[PDB]
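Methodologically, a virtual Cβ is constructed for each residue, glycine included, from the backbone with ideal geometry; neighbour enumeration extends over all protein chains shown. Only the coordinates and a few stated rules stand behind these numbers; no lab work does.
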Amino acid sequence: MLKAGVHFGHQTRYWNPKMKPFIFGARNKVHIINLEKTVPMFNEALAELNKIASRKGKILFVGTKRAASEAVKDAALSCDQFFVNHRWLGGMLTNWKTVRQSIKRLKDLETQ
RNA sequence: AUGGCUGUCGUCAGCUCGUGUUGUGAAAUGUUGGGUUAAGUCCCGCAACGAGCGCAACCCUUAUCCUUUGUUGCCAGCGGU
Ligand SMILES: [Mg+2]
Ligand SMILES: [Mg+2]
Ligand SMILES: [Mg+2]
Ligand SMILES: [Mg+2]
Ligand SMILES: [Mg+2]
Ligand SMILES: [Mg+2]
Ligand SMILES: [Mg+2]
């Protein structure tokens, strides 16, 4: 059910057509999500993340946009995870070898 | 045919690479954009992240002062010359 009750989408003239099945749509020419559809999907996502947690992996929050920057760099980092809060450097994962060097430099300066 | 050495554009600020990404491909990005500088100088932004040769600095000389030493260099204070 509406365990949330705070999700209403963007204007209608900016909608991606392949989001049709998830759109309820109505007032003020602004799309509104179908919460009755999100809840099963959100629950399944949480279940899958929990299984990943059981395997003890990394989940790497990504919240670069200037609306949840602190919301990502908060107790969201409390338990076993990592996060990207500001600009996502291009290739942070595709070439981890080169970014690895910057991390080593950062660690050296922290101890320095 | 060449080594070595030299002039020149020009002491101009440019020239490149690894990995990543884009393109079927030649290639592109980075190196572009907003400011700024003598400078690809620096900051911010950014599918780029780093690095190298260049710029700058390290070199010599000149402009001020201090310590040291005082002859063949010097003469402010003392003696008569
Ligand atoms: Mg390709
Ligand atoms: Mg160039
Ligand atoms: Mg280019
Ligand atoms: Mg510029
Ligand atoms: Mg430079
Ligand atoms: Mg740039
Ligand atoms: Mg006399």
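Here are some notes:
- Long-range HN-HN contacts of A:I32 with modeled amide H, under 5 Å: A:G9, A:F24, A:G25, A:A26
- Extending 7 Å from the Cα toward the beta-carbon at both A:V39 and A:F82 defines two label points whose distance is 3.7 nm.
- Segment A:11-55 versus segment A:67-108: alpha-carbon centroid distance in Å: 26 Å
- The phi-based Karplus calculation (6.51 cos²θ - 1.76 cosθ + 1.60; θ = phi - 60°) puts the 3J(HN,Hα) values of segment A:92-107 at 4, 10, 5, 10, 6, 4, 6, 5, 3, 4, 4, 4, 4, 4, 4, 4 Hz, whole numbers, x for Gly and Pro.
- Full-extension gain in nm, A:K56 to A:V99, via 0.36 nm per residue minus C-alpha separation: 13.1 nm
- Kirkwood radius and radius of gyration were both taken over the C-alpha atoms of chain A, and their ratio Rg/Rh is 1.07.
- Close amide H partners of A:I59, meaning residues 5 or more places away or on another chain with modelled amide H under 5 Å apart, are A:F82.
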